[PDB]
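Trainee: One structure is given below, represented as structure tokens, and several questions about it will come after.
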Amino acid sequence: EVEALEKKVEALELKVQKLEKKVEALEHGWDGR
Amino acid sequence: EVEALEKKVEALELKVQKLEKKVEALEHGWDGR
Amino acid sequence: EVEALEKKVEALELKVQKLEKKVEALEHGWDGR
């Protein structure tokens, strides 16, 4: 279970960091977005 | 603790998937967004 | 490991809640966004 949680948490961390980047681009109008 | 973590992780997974959908719609201008 | 997971999960929860707020603002055009 723990090793399974660890793997899912790290997938979520990647996903969330990609979302933060995309959301900041939308919020700031980076590159016409 | 582990069962508690498992439950919170799965809530985060739902949330993140809904955020990805919304962000992709904003990024692609789906349906006028 | 468990205490480590707990800490990362709670960071993700903060992050996701901030993302939901920002995304809702973009989706609703709150405050010109």
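Going through the structure tokens in order, the chains are called A, B, and so on, while each chain numbers its residues from 1 and the ligands are numbered from 1 in the order shown.
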Dump as a Markdown table the rows for residues of chain B within 8 Å of chain A: closest atom pair and distance in Å with one decimal, only C-alpha atoms counted, ordered by chain and rising residue number.

Mentor:
```
| residue | atom | partner | partner_atom | distance |
| --- | --- | --- | --- | --- |
| B:2 | CA | A:2 | CA | 7.2 |
| B:5 | CA | A:5 | CA | 7.8 |
| B:6 | CA | A:5 | CA | 6.7 |
| B:9 | CA | A:9 | CA | 6.9 |
| B:12 | CA | A:12 | CA | 7.8 |
| B:13 | CA | A:12 | CA | 7.0 |
| B:16 | CA | A:16 | CA | 7.1 |
| B:19 | CA | A:19 | CA | 7.8 |
| B:20 | CA | A:19 | CA | 7.0 |
| B:23 | CA | A:23 | CA | 7.2 |
| B:27 | CA | A:33 | CA | 7.3 |
```

Trainee: Just to be explicit: take each residue in the selection above, keep N, CA, C and O atoms, and write the result as a PDB file, in the first residue's frame.

Mentor:
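After the write, result_31.pdb holds the following:
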```pdb
ATOM      1  N   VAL B   2      -2.585   5.119   6.904  1.00  0.00           N
ATOM      2  CA  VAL B   2      -2.470   4.720   5.507  1.00  0.00           C
ATOM      3  C   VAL B   2      -3.830   4.775   4.822  1.00  0.00           C
ATOM      4  O   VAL B   2      -3.973   5.351   3.737  1.00  0.00           O
ATOM      5  N   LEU B   5      -4.537   8.314   4.232  1.00  0.00           N
ATOM      6  CA  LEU B   5      -3.804   8.855   3.094  1.00  0.00           C
ATOM      7  C   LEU B   5      -4.443   8.407   1.789  1.00  0.00           C
ATOM      8  O   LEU B   5      -4.719   9.229   0.904  1.00  0.00           O
ATOM      9  N   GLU B   6      -4.704   7.101   1.669  1.00  0.00           N
ATOM     10  CA  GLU B   6      -5.337   6.554   0.474  1.00  0.00           C
ATOM     11  C   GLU B   6      -6.584   7.342   0.105  1.00  0.00           C
ATOM     12  O   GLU B   6      -6.778   7.704  -1.056  1.00  0.00           O
ATOM     13  N   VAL B   9      -5.525  10.878  -1.164  1.00  0.00           N
ATOM     14  CA  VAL B   9      -4.904  10.771  -2.481  1.00  0.00           C
ATOM     15  C   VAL B   9      -5.970  10.623  -3.559  1.00  0.00           C
ATOM     16  O   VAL B   9      -5.953  11.321  -4.576  1.00  0.00           O
ATOM     17  N   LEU B  12      -7.622  13.775  -4.318  1.00  0.00           N
ATOM     18  CA  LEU B  12      -6.754  14.644  -5.100  1.00  0.00           C
ATOM     19  C   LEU B  12      -6.737  14.226  -6.560  1.00  0.00           C
ATOM     20  O   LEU B  12      -6.722  15.082  -7.452  1.00  0.00           O
ATOM     21  N   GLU B  13      -6.745  12.922  -6.826  1.00  0.00           N
ATOM     22  CA  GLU B  13      -6.769  12.406  -8.190  1.00  0.00           C
ATOM     23  C   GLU B  13      -8.010  12.852  -8.941  1.00  0.00           C
ATOM     24  O   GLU B  13      -7.925  13.237 -10.103  1.00  0.00           O
ATOM     25  N   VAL B  16      -7.571  16.637  -9.528  1.00  0.00           N
ATOM     26  CA  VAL B  16      -6.572  16.984 -10.531  1.00  0.00           C
ATOM     27  C   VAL B  16      -7.090  16.663 -11.922  1.00  0.00           C
ATOM     28  O   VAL B  16      -6.965  17.480 -12.840  1.00  0.00           O
ATOM     29  N   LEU B  19      -9.303  19.330 -12.976  1.00  0.00           N
ATOM     30  CA  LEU B  19      -8.544  20.537 -13.305  1.00  0.00           C
ATOM     31  C   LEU B  19      -7.892  20.405 -14.679  1.00  0.00           C
ATOM     32  O   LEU B  19      -7.894  21.356 -15.466  1.00  0.00           O
ATOM     33  N   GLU B  20      -7.327  19.233 -14.986  1.00  0.00           N
ATOM     34  CA  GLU B  20      -6.719  19.041 -16.300  1.00  0.00           C
ATOM     35  C   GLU B  20      -7.736  19.280 -17.414  1.00  0.00           C
ATOM     36  O   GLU B  20      -7.471  20.026 -18.362  1.00  0.00           O
ATOM     37  N   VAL B  23      -8.456  23.042 -17.598  1.00  0.00           N
ATOM     38  CA  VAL B  23      -7.304  23.779 -18.124  1.00  0.00           C
ATOM     39  C   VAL B  23      -7.121  23.522 -19.621  1.00  0.00           C
ATOM     40  O   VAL B  23      -6.843  24.450 -20.391  1.00  0.00           O
ATOM     41  N   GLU B  27      -6.966  26.193 -22.500  1.00  0.00           N
ATOM     42  CA  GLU B  27      -5.822  26.281 -23.405  1.00  0.00           C
ATOM     43  C   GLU B  27      -6.242  26.142 -24.869  1.00  0.00           C
ATOM     44  O   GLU B  27      -5.661  26.786 -25.750  1.00  0.00           O
TER      45      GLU B  27
END
```

Trainee: Hand me chain A as it sits after a least-squares fit onto chain C over every Cα, paired in order, written as a compact mmCIF listing (two decimals) with N, CA and C atoms, in the first residue's frame.

Mentor:
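Once everything was written out, this is out21.txt:
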```txt
# COMPACT_ATOMS: atom_id res chain seq x y z
N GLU A 1 8.38 6.83 5.99
CA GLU A 1 7.68 6.95 4.71
C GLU A 1 6.29 7.54 4.84
N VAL A 2 5.52 7.03 5.80
CA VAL A 2 4.14 7.49 5.96
C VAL A 2 4.10 8.96 6.34
N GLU A 3 4.89 9.35 7.34
CA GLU A 3 4.95 10.76 7.71
C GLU A 3 5.40 11.60 6.52
N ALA A 4 6.31 11.07 5.70
CA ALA A 4 6.75 11.77 4.50
C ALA A 4 5.62 11.90 3.49
N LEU A 5 4.86 10.82 3.28
CA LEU A 5 3.72 10.90 2.37
C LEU A 5 2.71 11.92 2.86
N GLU A 6 2.35 11.83 4.15
CA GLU A 6 1.41 12.77 4.74
C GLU A 6 1.81 14.21 4.44
N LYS A 7 3.09 14.54 4.60
CA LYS A 7 3.52 15.91 4.35
C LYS A 7 3.34 16.28 2.88
N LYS A 8 3.68 15.37 1.96
CA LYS A 8 3.57 15.69 0.54
C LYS A 8 2.11 15.80 0.12
N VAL A 9 1.26 14.91 0.64
CA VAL A 9 -0.17 14.99 0.35
C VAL A 9 -0.72 16.35 0.75
N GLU A 10 -0.37 16.81 1.95
CA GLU A 10 -0.91 18.09 2.41
C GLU A 10 -0.38 19.28 1.60
N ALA A 11 0.86 19.21 1.12
CA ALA A 11 1.31 20.22 0.16
C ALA A 11 0.46 20.17 -1.12
N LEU A 12 0.15 18.97 -1.61
CA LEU A 12 -0.63 18.85 -2.83
C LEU A 12 -2.03 19.41 -2.63
N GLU A 13 -2.62 19.18 -1.46
CA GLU A 13 -3.95 19.70 -1.15
C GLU A 13 -3.98 21.22 -1.18
N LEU A 14 -2.98 21.86 -0.59
CA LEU A 14 -2.90 23.32 -0.70
C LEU A 14 -2.81 23.74 -2.15
N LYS A 15 -1.91 23.10 -2.89
CA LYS A 15 -1.67 23.47 -4.28
C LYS A 15 -2.93 23.31 -5.09
N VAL A 16 -3.61 22.19 -4.89
CA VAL A 16 -4.79 21.92 -5.71
C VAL A 16 -5.89 22.92 -5.39
N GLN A 17 -6.08 23.25 -4.10
CA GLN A 17 -7.10 24.23 -3.76
C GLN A 17 -6.79 25.60 -4.37
N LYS A 18 -5.51 26.01 -4.37
CA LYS A 18 -5.17 27.27 -5.03
C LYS A 18 -5.43 27.19 -6.53
N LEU A 19 -5.18 26.02 -7.14
CA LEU A 19 -5.43 25.88 -8.57
C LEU A 19 -6.93 25.94 -8.86
N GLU A 20 -7.75 25.29 -8.03
CA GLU A 20 -9.20 25.35 -8.24
C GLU A 20 -9.69 26.79 -8.22
N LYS A 21 -9.28 27.56 -7.20
CA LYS A 21 -9.62 28.98 -7.14
C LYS A 21 -9.21 29.71 -8.41
N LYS A 22 -7.95 29.57 -8.83
CA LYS A 22 -7.52 30.28 -10.03
C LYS A 22 -8.31 29.84 -11.27
N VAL A 23 -8.52 28.53 -11.42
CA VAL A 23 -9.23 28.02 -12.60
C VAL A 23 -10.68 28.51 -12.61
N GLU A 24 -11.35 28.53 -11.45
CA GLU A 24 -12.72 29.02 -11.40
C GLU A 24 -12.79 30.49 -11.80
N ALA A 25 -11.80 31.27 -11.37
CA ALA A 25 -11.75 32.68 -11.75
C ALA A 25 -11.62 32.82 -13.26
N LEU A 26 -10.72 32.04 -13.87
CA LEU A 26 -10.62 32.03 -15.33
C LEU A 26 -11.92 31.57 -15.98
N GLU A 27 -12.51 30.48 -15.47
CA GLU A 27 -13.74 29.98 -16.09
C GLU A 27 -14.89 30.99 -15.99
N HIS A 28 -14.98 31.72 -14.88
CA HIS A 28 -16.13 32.59 -14.67
C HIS A 28 -15.86 34.02 -15.11
N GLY A 29 -14.63 34.32 -15.53
CA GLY A 29 -14.24 35.69 -15.79
C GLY A 29 -14.39 36.59 -14.58
N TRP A 30 -14.06 36.08 -13.40
CA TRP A 30 -14.07 36.92 -12.21
C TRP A 30 -13.05 38.03 -12.35
N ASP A 31 -13.45 39.26 -12.04
CA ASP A 31 -12.51 40.38 -11.96
C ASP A 31 -11.71 40.55 -13.26
N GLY A 32 -12.39 40.41 -14.40
CA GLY A 32 -11.79 40.62 -15.70
C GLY A 32 -10.86 39.54 -16.20
N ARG A 33 -10.72 38.43 -15.48
CA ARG A 33 -9.71 37.41 -15.78
C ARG A 33 -10.08 36.53 -16.97
```

Trainee: What residues in chain A get the DSSP label alpha helix (DSSP H)? Please answer as a PyMOL selection string.

Mentor: chain A and resi 2-28
